[PDB]
């Protein structure tokens, strides 16, 4: 119904600190996942996993990867890759109506986005892994 009871049950089941506007939770000592209650009865999950180079070929390479990655399916909730307004931060986010959410599949969705984060962080970091 409302997000707070579902988040409490979610936090209980997976053993996570309490959650509050929006709230955040640190995951695996590595990512900050944000939990936002939209206006139209949906819960958004968003995570910043990296950054785009400021300029040059490396920016363009990351930009071409960004643009194409959203064509295939990224995850549940219409998970999508994007760039924050500062032009630098790489973000994975999606939202789902709270009406169809309960603790179990909120838990599968949490594990899906963490999984996809790690894969995308890896892929973007591998653009600049060559040493001369």
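Positions refer to the first chain, counted from 1.
Gap between residue 122 and residue 123: none; every deposited residue in this span has coordinates. The PDB entry reports B-factors from which the mean C-alpha value can be compared for 5-13 and 114-122; the larger average falls on 5-13. Relative to its counterpart among 39-47 and 57-65, 39-47 has the higher mean temperature factor, C-alpha atoms as listed in the PDB entry.
If you compare the C-alpha temperature factors of 32, 90, 93, 101 in the entry, 101 comes out highest.
Among all modelled residues in this chain, the alpha-carbon of residue 72 has a temperature factor (C-alpha) in the middle third.
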